[PDB]
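Here the structure comes first, spelled out in C-alpha cells, and everything after it is commentary.
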Amino acid sequence: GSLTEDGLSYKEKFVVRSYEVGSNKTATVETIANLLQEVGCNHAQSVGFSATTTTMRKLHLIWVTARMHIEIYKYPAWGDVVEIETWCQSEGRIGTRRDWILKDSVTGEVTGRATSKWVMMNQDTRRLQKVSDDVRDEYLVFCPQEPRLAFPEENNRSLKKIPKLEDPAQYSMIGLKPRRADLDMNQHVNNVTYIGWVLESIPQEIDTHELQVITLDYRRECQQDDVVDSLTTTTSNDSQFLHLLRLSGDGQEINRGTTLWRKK
Amino acid sequence: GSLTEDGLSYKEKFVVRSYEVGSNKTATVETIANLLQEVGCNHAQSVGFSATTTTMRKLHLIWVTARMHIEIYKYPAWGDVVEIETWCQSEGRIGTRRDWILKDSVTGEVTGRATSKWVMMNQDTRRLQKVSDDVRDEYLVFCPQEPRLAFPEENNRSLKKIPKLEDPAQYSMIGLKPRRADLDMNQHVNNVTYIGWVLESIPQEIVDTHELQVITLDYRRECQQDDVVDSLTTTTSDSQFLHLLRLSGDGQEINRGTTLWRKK
Ligand SMILES: NS(=O)(=O)c1nc2ccccc2[nH]1
Ligand SMILES: NS(=O)(=O)c1nc2ccccc2[nH]1
Ligand SMILES: NS(=O)(=O)c1nc2ccccc2[nH]1
Ligand SMILES: NS(=O)(=O)c1nc2ccccc2[nH]1
Ligand SMILES: NS(=O)(=O)c1nc2ccccc2[nH]1
Ligand SMILES: NS(=O)(=O)c1nc2ccccc2[nH]1
C-alpha cells in the first residue's frame, strides 16, 4: 500500500483469502470490516503515527469509534483483488471521520463505501472530550481541507438516528462471549467482533439475501469477562432489521444498529 | 504465490496484519494456522484442483485433517513478511501428509514448521477409508517421490501418542459455541477455531509470561453449528499441558491435544 501523490489519502490492494469467504464464496462483511481497519492502520503508520498524536499520548487520550456505516454493492470473490482508498477529515471540535472507497481492481468500478465517526476519549477514565486546537493542528496537515465525503447525498443512511429496540425482540442469540482471537493487540474486544455478534441474531433463512447496508452505534465496550445478548426485530424486495447488543446480566446497552438486506 | 521450479512445492509471502497480532505485537498461533490453510488452498488450486480429485468427486470423498502439529521458534511481528513453503506426500494407503516451513523473508531463517495428517472420508456418511490406487495415481504426480519431511528427526513430537484427560480438569472454559465467522465456505467449523477453543482453557498468567512453542492436535469429531463445547486443560509438567474438547451435554470427545510453552 501507499499514500497517493498529494499525501492526503492511502490505497492498498488485498487478495481475498479462502477462510475470509462465506457460503457464496465471497468475502463476509466481517472480512470487509477487518480490511477497512487494516488500511486505516497502514495509513496512520505511513504518516508518522503509532492514530494518537504527540499531544494525545502525553494526555492519555485516544480515538474511539462512535459509529460505523458500510454499504456493499458487490462482495469480492475468493481470489479476487480488492483495492481500498481511505482518508480522514476533521469535523471541528466534535471529532474526526475516516472514509473508505472499495473498488474491483480489474474493472476499477466502485463495489462499496464506508464511513466512520471517531471521538476523543481519556484511555483511563473513559470520559469523552471535544478536540482541542493543539491536537487539531497536529492531524490537520494529513487531511484534505476541502470536503471529501464517501457518502455525499443529502438524506443518506450514514447519518440517520437509530432507535432503541423494544422488548420482546423478534429474534435473539444469547450468551455470546469473546475468545482471545476476538481481542486486538491492546486486549480490548476488536470493533469487528460487535458486527459479528449483531449478525448472530439474523435468521439463517435470511441464505436468500445479501447484506447491503449496516450502520452500527458503539455505546459501551464488552470487557473480557462480559457476556452479550444479541437482539433483532424486522422493521420492514428488501428486508430491514433493528438491532441491539446488551450485557446478559443487567441488560446494559453496548451497541444499537440497523441492517438492510436485498433478495439474491 | 507460486509453484517452485520443479512444480512439487508452493511458496507464498504474507505481510502480518494489525488485527492478526496479540499483546506482544506478533502473530497469534491462530493467524499462523489460517496462513498454513491459505497456502495449502493456493497450492491445490495451482495444480488443477477445483483438494478433491476427479475420482474423489464422483465417489463423494473428501480429505479431512486427522492431526495437526505446529512448532514456532519466532512469531512474525506486525508488518513483517513471512514466507511459507508447502508440499504434500503420499503415506501409502493410510492417507496423505501436508508439511510446511515458515521463514523470515528478510533473513531467510526458518522461524517455524508444521505437519498434518489427512484421511479420506465419505462426505455424507462420515465413514473413513483407505486410499485405493486410482485416487493415489491422480495426486502422486503432484508430490515429491523421495521423502521430504518438515520433521525428519527420530522420536519427534509430531507423531507422539496423546492420552485422554482424566476428570477433574485443572482448568476449563465452558459453553463455547461457534458464530458465523468460525465457519468455512462449506458451513462447517474451520479447523483453526478448535485451536482457539483449546487455548481458551490456558490461564491468562501463562499467556502473559510464556510463548507457545509446540501444539499437537488430534481431530476426532466435528462441532456442528448447534453444538456447545467445553475446553479442559491439566498441566503435565517449560510448561506442558494436556487438552480435551468435548460436547457440553453428553461429554462426547471432539479433540485431544498437547501444548508446550517457553518462559519469555
Ligand atoms: N464513542 S463511545 O461511545 O465512546 C465508544 N466507542 C466504542 C467503540 C468500541 C467499544 C466501546 C465504545 N464506546
Ligand atoms: N475502542 S475501545 O474498545 O473503547 C478502547 N478503549 C481503550 C482504552 C485503552 C486502550 C485501548 C482501548 N480501546
Ligand atoms: N478472550 S477473553 O475473553 O479475553 C479471555 N480471557 C481469558 C482469561 C483466562 C482464560 C481464558 C480467557 N479468555
Ligand atoms: N480424522 S477424523 O477423526 O475423521 C476428523 N477430522 C476432523 C477435522 C475437523 C473436524 C472433525 C474431524 N473428524
Ligand atoms: N473437516 S470436517 O469438518 O470434518 C468436514 N466434513 C465435511 C463434509 C462435507 C463438506 C465439508 C466437510 N468438512
Ligand atoms: N455460526 S453458527 O453457529 O453456524 C450459526 N448458525 C445460526 C443459525 C441461525 C442464527 C444464528 C446462527 N449462527
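Letters for chains follow the order of the C-alpha cells (A, B, ...), residue numbers begin at 1 for each chain, and ligand numbers begin at 1 in the order shown.
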
Using only C-alpha atoms and all ligand atoms, determine which residues fall within 8 Å of ligand 1, then list them as a list in words.
residues 64, 65, 66, 67, 118, 119, 120, 121, 126, 127, 128, 189, 190, 191, 217, 218, 219, 220, 221, 222 and 254 of chain A

Keeping only C-alpha atoms, take the residues you just selected and write them out as a PDB file, in the first residue's frame.
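This is the output file again_7.pdb:
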```pdb
ATOM      1  CA  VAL A  64     -12.573   5.577  19.653  1.00  0.00           C
ATOM      2  CA  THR A  65     -15.307   4.645  17.094  1.00  0.00           C
ATOM      3  CA  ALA A  66     -18.711   6.195  17.868  1.00  0.00           C
ATOM      4  CA  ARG A  67     -20.395   4.991  14.605  1.00  0.00           C
ATOM      5  CA  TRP A 118     -14.369   8.914  15.855  1.00  0.00           C
ATOM      6  CA  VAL A 119     -14.349  10.760  19.258  1.00  0.00           C
ATOM      7  CA  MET A 120     -11.524  11.673  21.697  1.00  0.00           C
ATOM      8  CA  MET A 121     -11.601   9.718  24.979  1.00  0.00           C
ATOM      9  CA  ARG A 126     -13.298   6.685  29.510  1.00  0.00           C
ATOM     10  CA  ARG A 127     -14.511  10.338  29.550  1.00  0.00           C
ATOM     11  CA  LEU A 128     -15.198  11.886  26.137  1.00  0.00           C
ATOM     12  CA  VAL A 189     -12.542  -6.502  22.008  1.00  0.00           C
ATOM     13  CA  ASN A 190     -11.992  -5.692  18.268  1.00  0.00           C
ATOM     14  CA  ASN A 191     -14.778  -3.470  16.779  1.00  0.00           C
ATOM     15  CA  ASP A 217     -23.568   2.855  17.007  1.00  0.00           C
ATOM     16  CA  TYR A 218     -20.970   1.971  19.677  1.00  0.00           C
ATOM     17  CA  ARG A 219     -22.075   2.957  23.216  1.00  0.00           C
ATOM     18  CA  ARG A 220     -20.072   0.851  25.682  1.00  0.00           C
ATOM     19  CA  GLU A 221     -17.443  -1.877  25.434  1.00  0.00           C
ATOM     20  CA  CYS A 222     -17.797  -5.596  26.156  1.00  0.00           C
ATOM     21  CA  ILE A 254     -23.408  -1.803  24.435  1.00  0.00           C
TER      22      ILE A 254
END
```

What's the 8 Å shell around residue 56 (chain A), counting only C-alpha atoms, without same-chain residues fewer than 5 positions away, as a ChimeraX atom specification?
/A:61-62,135

Could you write out the selected residues, including N, CA and C atoms, as a compact mmCIF listing (two decimals), in the first residue's frame?
```
# COMPACT_ATOMS: atom_id res chain seq x y z
N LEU A 61 -4.95 10.33 25.83
CA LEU A 61 -6.15 10.42 25.00
C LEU A 61 -6.05 9.52 23.79
N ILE A 62 -7.17 8.88 23.42
CA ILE A 62 -7.25 8.00 22.24
C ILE A 62 -8.49 8.28 21.40
N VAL A 135 -4.33 19.61 19.47
CA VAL A 135 -4.45 18.28 18.87
C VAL A 135 -4.86 18.39 17.39
```

Counting only C-alpha atoms and all ligand atoms, which protein, DNA or RNA residues come within 8 Å of ligand 6, given as a ChimeraX atom specification?
/A:173,199-205 /B:177-183,187-189,224-227

Would you list which chain A residues are within 8 Å of chain B using only C-alpha atoms, as JSON, numbers by chain?
{"A": [17, 18, 19, 21, 22, 23, 24, 25, 30, 34, 38, 41, 179, 180, 181, 183, 184, 185, 186, 187, 190, 196, 197, 200]}

Export, as a compact mmCIF listing (two decimals), in the first residue's frame, the selected residues with C-alpha atoms.
```txt
# COMPACT_ATOMS: atom_id res chain seq x y z
CA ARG A 17 -8.42 -15.48 1.22
CA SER A 18 -10.15 -18.92 1.35
CA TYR A 19 -11.05 -18.58 5.10
CA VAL A 21 -15.36 -16.05 2.44
CA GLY A 22 -18.89 -17.27 3.28
CA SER A 23 -21.27 -19.79 1.57
CA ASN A 24 -21.44 -17.73 -1.67
CA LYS A 25 -17.57 -17.85 -1.99
CA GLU A 30 -16.56 -9.01 8.86
CA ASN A 34 -11.16 -6.09 9.06
CA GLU A 38 -6.07 -2.67 8.31
CA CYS A 41 -3.81 1.39 10.38
CA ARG A 179 -12.36 -15.56 22.96
CA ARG A 180 -8.65 -14.43 22.60
CA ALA A 181 -8.96 -14.24 18.75
CA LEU A 183 -9.20 -9.17 21.08
CA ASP A 184 -6.92 -6.53 19.49
CA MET A 185 -3.19 -6.05 20.40
CA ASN A 186 -4.26 -3.89 23.44
CA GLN A 187 -6.50 -6.74 24.84
CA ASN A 190 -11.99 -5.69 18.27
CA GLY A 196 -20.41 -10.48 14.09
CA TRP A 197 -22.47 -10.52 17.30
CA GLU A 200 -25.81 -13.69 15.07
```

Contacts with ligand 5 at most 9 Å, only C-alpha atoms and all ligand atoms counted, listed as a ChimeraX atom specification:
/B:60-66,121-126,184-191,219-224

Restricted to C-alpha atoms, what would the selected residues look like written as a PDB file, in the first residue's frame?
```
ATOM      1  CA  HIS B  60     -18.400 -38.149  -2.711  1.00  0.00           C
ATOM      2  CA  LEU B  61     -14.983 -38.493  -0.941  1.00  0.00           C
ATOM      3  CA  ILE B  62     -13.051 -35.672   0.798  1.00  0.00           C
ATOM      4  CA  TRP B  63      -9.758 -35.148   2.676  1.00  0.00           C
ATOM      5  CA  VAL B  64     -10.198 -34.369   6.383  1.00  0.00           C
ATOM      6  CA  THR B  65      -7.497 -33.464   8.994  1.00  0.00           C
ATOM      7  CA  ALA B  66      -6.798 -36.256  11.498  1.00  0.00           C
ATOM      8  CA  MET B 121     -13.828 -39.712   4.322  1.00  0.00           C
ATOM      9  CA  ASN B 122     -17.251 -40.088   2.615  1.00  0.00           C
ATOM     10  CA  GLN B 123     -18.754 -36.548   2.885  1.00  0.00           C
ATOM     11  CA  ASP B 124     -22.299 -37.949   3.538  1.00  0.00           C
ATOM     12  CA  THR B 125     -21.848 -40.977   5.896  1.00  0.00           C
ATOM     13  CA  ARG B 126     -18.572 -39.664   7.504  1.00  0.00           C
ATOM     14  CA  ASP B 184     -15.654 -22.168   6.326  1.00  0.00           C
ATOM     15  CA  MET B 185     -17.271 -21.666   2.839  1.00  0.00           C
ATOM     16  CA  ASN B 186     -18.983 -25.133   3.199  1.00  0.00           C
ATOM     17  CA  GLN B 187     -20.663 -24.101   6.545  1.00  0.00           C
ATOM     18  CA  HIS B 188     -18.501 -26.451   8.628  1.00  0.00           C
ATOM     19  CA  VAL B 189     -16.489 -25.196  11.631  1.00  0.00           C
ATOM     20  CA  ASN B 190     -12.970 -24.118  10.437  1.00  0.00           C
ATOM     21  CA  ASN B 191     -10.151 -26.327  11.884  1.00  0.00           C
ATOM     22  CA  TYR B 219      -9.302 -34.251  15.474  1.00  0.00           C
ATOM     23  CA  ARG B 220     -11.900 -36.923  16.401  1.00  0.00           C
ATOM     24  CA  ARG B 221     -15.366 -35.499  15.728  1.00  0.00           C
ATOM     25  CA  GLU B 222     -16.897 -32.260  14.407  1.00  0.00           C
ATOM     26  CA  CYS B 223     -18.564 -29.495  16.399  1.00  0.00           C
ATOM     27  CA  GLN B 224     -21.771 -28.824  14.458  1.00  0.00           C
TER      28      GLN B 224
END
```

Would you please extract all strand (DSSP E) residues from region 93-207 of chain A, as assigned by DSSP on the backbone, and give them as a ChimeraX atom specification?
/A:96-104,110-122,128-129,171-176

If you measure from CA of residue 245 (chain B) to CA of residue 116 (chain B), what distance in Å do you get, rounded to one decimal?
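Taking CA of residue 245 (chain B) and CA of residue 116 (chain B), their separation equals 19.0 Å.
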
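Distances to ligand 3 were evaluated for B:14, B:171, B:73, B:261 using only C-alpha atoms and all ligand atoms, and the minimum falls at B:171.
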
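If only C-alpha atoms are the atoms counted, then among A:108, A:257, A:40, A:95 the closest residue to residue 82 (chain A) is A:108.
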
Could you give me the residues within region 39-153 of chain A that DSSP places in helix (DSSP H, G or I), as a list in words?
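Residues meeting the helix (DSSP H, G or I) criterion: residues 39, 40, 41, 42, 43, 44, 45, 46, 54, 55, 56, 57, 58, 133, 134, 135, 136, 137, 138, 139, 140, 141 and 142 of chain A.
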
Could you dump the residues just selected with C-alpha atoms as an mmCIF file, in the first residue's frame?
```cif
data_model
loop_
_atom_site.group_PDB
_atom_site.id
_atom_site.type_symbol
_atom_site.label_atom_id
_atom_site.label_comp_id
_atom_site.auth_asym_id
_atom_site.auth_seq_id
_atom_site.Cartn_x
_atom_site.Cartn_y
_atom_site.Cartn_z
ATOM 1 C CA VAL A 39 -5.938 0.017 5.566
ATOM 2 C CA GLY A 40 -6.728 2.686 8.261
ATOM 3 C CA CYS A 41 -3.811 1.395 10.381
ATOM 4 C CA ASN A 42 -1.438 1.374 7.382
ATOM 5 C CA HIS A 43 -2.468 4.970 6.531
ATOM 6 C CA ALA A 44 -1.735 6.184 10.137
ATOM 7 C CA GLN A 45 1.691 4.439 10.116
ATOM 8 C CA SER A 46 2.630 5.937 6.708
ATOM 9 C CA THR A 54 2.176 13.583 20.350
ATOM 10 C CA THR A 55 -0.169 15.714 22.495
ATOM 11 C CA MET A 56 -2.705 12.823 22.757
ATOM 12 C CA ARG A 57 -0.129 10.340 24.144
ATOM 13 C CA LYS A 58 1.010 12.965 26.705
ATOM 14 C CA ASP A 133 -6.743 23.281 18.827
ATOM 15 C CA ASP A 134 -3.324 21.832 19.837
ATOM 16 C CA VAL A 135 -4.454 18.277 18.868
ATOM 17 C CA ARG A 136 -6.375 19.504 15.758
ATOM 18 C CA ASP A 137 -3.277 21.324 14.385
ATOM 19 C CA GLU A 138 -1.239 18.083 14.679
ATOM 20 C CA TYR A 139 -3.505 15.990 12.392
ATOM 21 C CA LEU A 140 -4.992 18.626 10.004
ATOM 22 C CA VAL A 141 -1.841 18.578 7.831
ATOM 23 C CA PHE A 142 -2.712 14.905 6.973
#
```

With a distance cut-off of 12 Å and only C-alpha atoms, select the neighbouring residues of residue 215 (chain B), excluding the residue or stretch itself and same-chain residues fewer than 3 positions from it, and output the selection as a PyMOL selection string.
chain B and resi 29-30+32-33+67-72+112-116+157-160+162+194-196+198-199+211-212+218+240-243+256-261

Written file, previous selection with N, CA, C and O atoms, as a short mmCIF file (atom, residue, chain, number, x, y, z; two decimals), in the first residue's frame:
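result_26.cif written:
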```cif
data_model
loop_
_atom_site.label_atom_id
_atom_site.label_comp_id
_atom_site.auth_asym_id
_atom_site.auth_seq_id
_atom_site.Cartn_x
_atom_site.Cartn_y
_atom_site.Cartn_z
N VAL B 29 -0.99 -17.89 17.19
CA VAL B 29 -0.89 -19.22 16.58
C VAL B 29 -2.10 -19.49 15.67
O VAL B 29 -1.97 -20.20 14.69
N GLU B 30 -3.26 -18.84 15.94
CA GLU B 30 -4.43 -18.98 15.06
C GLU B 30 -4.19 -18.26 13.73
O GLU B 30 -4.62 -18.77 12.71
N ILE B 32 -1.21 -17.91 12.32
CA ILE B 32 -0.29 -18.82 11.66
C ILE B 32 -1.05 -19.98 11.01
O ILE B 32 -0.88 -20.21 9.81
N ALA B 33 -1.93 -20.66 11.78
CA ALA B 33 -2.75 -21.77 11.31
C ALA B 33 -3.66 -21.38 10.12
O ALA B 33 -3.83 -22.16 9.18
N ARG B 67 -4.77 -35.03 12.24
CA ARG B 67 -3.83 -34.48 13.20
C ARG B 67 -3.07 -33.31 12.59
O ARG B 67 -2.80 -33.31 11.39
N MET B 68 -2.78 -32.28 13.42
CA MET B 68 -2.05 -31.07 13.04
C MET B 68 -0.93 -30.89 14.12
O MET B 68 -1.19 -31.07 15.32
N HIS B 69 0.29 -30.56 13.71
CA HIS B 69 1.41 -30.34 14.62
C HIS B 69 2.18 -29.09 14.14
O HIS B 69 2.63 -29.06 12.99
N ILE B 70 2.29 -28.07 14.99
CA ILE B 70 2.96 -26.82 14.65
C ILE B 70 4.02 -26.49 15.72
O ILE B 70 3.74 -26.61 16.93
N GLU B 71 5.21 -26.08 15.27
CA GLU B 71 6.30 -25.66 16.14
C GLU B 71 6.77 -24.28 15.68
O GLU B 71 7.14 -24.12 14.52
N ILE B 72 6.68 -23.28 16.56
CA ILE B 72 7.09 -21.92 16.25
C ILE B 72 8.29 -21.50 17.10
O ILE B 72 8.22 -21.56 18.33
N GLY B 112 9.59 -21.38 11.85
CA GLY B 112 8.61 -22.36 12.26
C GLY B 112 8.42 -23.49 11.27
O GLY B 112 8.91 -23.42 10.14
N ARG B 113 7.73 -24.55 11.69
CA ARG B 113 7.42 -25.68 10.83
C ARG B 113 6.15 -26.37 11.28
O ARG B 113 5.81 -26.35 12.46
N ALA B 114 5.44 -26.97 10.33
CA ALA B 114 4.19 -27.64 10.63
C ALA B 114 3.99 -28.86 9.76
O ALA B 114 4.59 -28.98 8.68
N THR B 115 3.17 -29.79 10.24
CA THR B 115 2.87 -31.03 9.55
C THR B 115 1.43 -31.42 9.89
O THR B 115 0.92 -31.07 10.96
N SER B 116 0.77 -32.12 8.98
CA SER B 116 -0.62 -32.51 9.18
C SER B 116 -0.91 -33.82 8.46
O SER B 116 -0.42 -34.02 7.35
N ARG B 157 8.17 -34.88 18.20
CA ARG B 157 6.90 -34.62 18.89
C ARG B 157 5.66 -34.70 17.97
O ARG B 157 4.55 -34.77 18.49
N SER B 158 5.85 -34.66 16.64
CA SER B 158 4.75 -34.66 15.67
C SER B 158 3.98 -35.95 15.55
O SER B 158 2.89 -35.92 14.98
N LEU B 159 4.57 -37.09 16.00
CA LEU B 159 3.98 -38.43 15.91
C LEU B 159 3.76 -39.10 17.28
O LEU B 159 3.59 -40.32 17.33
N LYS B 160 3.75 -38.32 18.38
CA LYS B 160 3.59 -38.90 19.72
C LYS B 160 2.13 -39.26 20.03
O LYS B 160 1.23 -38.59 19.55
N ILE B 162 -1.27 -39.25 22.18
CA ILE B 162 -1.84 -38.33 23.16
C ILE B 162 -2.90 -39.02 24.05
O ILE B 162 -3.86 -39.58 23.53
N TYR B 194 -10.98 -24.75 16.47
CA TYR B 194 -10.67 -25.76 17.50
C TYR B 194 -9.38 -25.43 18.28
O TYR B 194 -9.32 -25.61 19.51
N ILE B 195 -8.34 -24.90 17.58
CA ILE B 195 -7.10 -24.45 18.22
C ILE B 195 -7.44 -23.31 19.21
O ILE B 195 -6.97 -23.31 20.34
N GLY B 196 -8.25 -22.35 18.78
CA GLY B 196 -8.68 -21.25 19.64
C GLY B 196 -9.40 -21.75 20.89
O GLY B 196 -9.09 -21.32 22.01
N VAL B 198 -9.17 -24.80 22.29
CA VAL B 198 -8.20 -25.50 23.15
C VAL B 198 -7.47 -24.47 24.05
O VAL B 198 -7.39 -24.64 25.28
N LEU B 199 -7.01 -23.36 23.42
CA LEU B 199 -6.28 -22.29 24.09
C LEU B 199 -7.11 -21.49 25.09
O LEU B 199 -6.53 -20.86 25.97
N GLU B 211 5.54 -18.05 25.83
CA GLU B 211 5.20 -18.09 24.44
C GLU B 211 4.91 -19.55 24.08
O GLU B 211 5.61 -20.45 24.53
N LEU B 212 3.86 -19.78 23.30
CA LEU B 212 3.54 -21.12 22.82
C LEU B 212 4.61 -21.57 21.82
O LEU B 212 4.85 -20.92 20.80
N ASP B 218 -5.27 -33.63 17.83
CA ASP B 218 -5.92 -34.77 17.19
C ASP B 218 -7.39 -34.43 17.01
O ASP B 218 -8.05 -34.07 17.99
N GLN B 240 4.09 -27.74 30.13
CA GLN B 240 3.38 -28.59 29.17
C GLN B 240 1.97 -28.85 29.70
O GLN B 240 1.79 -29.00 30.91
N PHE B 241 0.99 -28.91 28.80
CA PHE B 241 -0.41 -29.13 29.17
C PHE B 241 -1.03 -30.22 28.32
O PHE B 241 -0.66 -30.40 27.15
N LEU B 242 -2.00 -30.92 28.88
CA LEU B 242 -2.81 -31.92 28.18
C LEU B 242 -4.19 -31.29 28.02
O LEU B 242 -4.71 -30.70 28.98
N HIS B 243 -4.79 -31.41 26.84
CA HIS B 243 -6.04 -30.76 26.50
C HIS B 243 -7.12 -31.71 26.03
O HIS B 243 -6.83 -32.73 25.40
N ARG B 256 -8.44 -33.91 21.22
CA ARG B 256 -7.47 -34.00 22.31
C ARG B 256 -6.15 -33.43 21.78
O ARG B 256 -5.91 -33.43 20.56
N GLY B 257 -5.33 -32.89 22.66
CA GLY B 257 -4.06 -32.31 22.23
C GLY B 257 -3.12 -32.00 23.36
O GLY B 257 -3.46 -32.24 24.51
N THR B 258 -1.92 -31.51 23.03
CA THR B 258 -0.88 -31.08 23.97
C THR B 258 -0.27 -29.75 23.49
O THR B 258 -0.20 -29.47 22.29
N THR B 259 0.17 -28.93 24.45
CA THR B 259 0.88 -27.69 24.15
C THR B 259 2.15 -27.62 25.01
O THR B 259 2.19 -28.16 26.12
N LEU B 260 3.20 -26.98 24.48
CA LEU B 260 4.45 -26.77 25.21
C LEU B 260 4.72 -25.26 25.17
O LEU B 260 4.64 -24.64 24.10
N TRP B 261 4.97 -24.66 26.33
CA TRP B 261 5.18 -23.21 26.42
C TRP B 261 6.55 -22.91 26.99
O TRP B 261 6.95 -23.56 27.97
#
```

Surrounding residues of residue 234 (chain A) excluding itself and chain neighbours under 6 positions, 12 Å, only C-alpha atoms, as an MDAnalysis selection string
chainID A and resid 165:166 169:172 201:203 206 240:243 258:261

Output N, CA and C atoms for every residue in the selection just made, as a short mmCIF file (atom, residue, chain, number, x, y, z; two decimals), in the first residue's frame.
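What landed in selection_18.cif:
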```
data_model
loop_
_atom_site.label_atom_id
_atom_site.label_comp_id
_atom_site.auth_asym_id
_atom_site.auth_seq_id
_atom_site.Cartn_x
_atom_site.Cartn_y
_atom_site.Cartn_z
N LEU A 165 -34.38 -0.78 20.44
CA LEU A 165 -35.23 -1.95 20.26
C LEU A 165 -36.08 -2.19 21.53
N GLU A 166 -37.39 -2.38 21.36
CA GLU A 166 -38.30 -2.64 22.49
C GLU A 166 -38.46 -4.15 22.75
N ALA A 169 -37.97 -8.95 21.66
CA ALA A 169 -37.30 -8.95 20.36
C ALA A 169 -37.89 -10.08 19.51
N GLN A 170 -37.93 -9.92 18.17
CA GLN A 170 -38.45 -10.99 17.32
C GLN A 170 -37.48 -12.18 17.31
N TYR A 171 -36.17 -11.88 17.19
CA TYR A 171 -35.08 -12.86 17.16
C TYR A 171 -33.99 -12.54 18.21
N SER A 172 -33.20 -13.54 18.62
CA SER A 172 -32.16 -13.35 19.62
C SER A 172 -31.08 -14.44 19.58
N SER A 201 -28.02 -12.69 15.53
CA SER A 201 -29.46 -12.79 15.75
C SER A 201 -30.28 -12.74 14.43
N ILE A 202 -29.62 -12.64 13.26
CA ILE A 202 -30.35 -12.68 11.97
C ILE A 202 -30.60 -14.16 11.64
N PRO A 203 -31.84 -14.57 11.29
CA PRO A 203 -32.09 -15.99 10.97
C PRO A 203 -31.27 -16.47 9.78
N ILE A 206 -32.68 -15.82 6.21
CA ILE A 206 -32.38 -14.51 5.63
C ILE A 206 -30.97 -14.51 5.05
N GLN A 240 -35.39 -5.01 6.26
CA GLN A 240 -34.64 -4.14 7.17
C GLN A 240 -34.85 -4.64 8.60
N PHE A 241 -33.80 -4.55 9.43
CA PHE A 241 -33.85 -5.01 10.82
C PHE A 241 -33.30 -3.94 11.75
N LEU A 242 -33.80 -3.91 12.97
CA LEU A 242 -33.31 -3.06 14.05
C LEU A 242 -32.59 -4.00 15.03
N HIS A 243 -31.41 -3.62 15.50
CA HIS A 243 -30.56 -4.46 16.33
C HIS A 243 -30.19 -3.82 17.66
N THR A 258 -28.73 -0.94 12.59
CA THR A 258 -29.71 -1.34 11.57
C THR A 258 -28.97 -2.05 10.42
N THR A 259 -29.66 -2.99 9.77
CA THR A 259 -29.15 -3.67 8.58
C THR A 259 -30.23 -3.64 7.48
N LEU A 260 -29.80 -3.60 6.22
CA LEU A 260 -30.70 -3.64 5.08
C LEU A 260 -30.22 -4.80 4.19
N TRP A 261 -31.12 -5.70 3.82
CA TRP A 261 -30.75 -6.89 3.03
C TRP A 261 -31.53 -6.91 1.74
#
```

Of the candidates B:164, B:130, B:117, B:136, which shows the shortest atom-to-atom distance to ligand 4, using only C-alpha atoms and all ligand atoms?
B:117

What is the distance, in Å and to one decimal place, between CA of residue 138 (chain B) and CA of residue 86 (chain B)?
18.8 Å

Which is closer to residue 59 (chain B) than all the others in B:134, B:118, B:81, B:9, using only C-alpha atoms?
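Of all the options, B:134 lies closest to residue 59 (chain B).
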
So which one's closest to ligand 2, A:97, A:103, A:13, A:188? Using only C-alpha atoms and all ligand atoms, please.
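Comparing A:97, A:103, A:13, A:188 against ligand 2, the winner is A:188.
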
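Residues within 12 Å of residue 146 (chain B), counting only C-alpha atoms and excluding same-chain residues fewer than 4 positions away, are residues 8, 88, 89, 90, 91 and 140 of chain B.
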
Quick one: of B:203, B:152, B:144, B:92, who's nearest to ligand 3, counting only C-alpha atoms and all ligand atoms?
B:203

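Here CA of residue 12 (chain B) and CA of residue 84 (chain B) stand 5.5 Å from one another.
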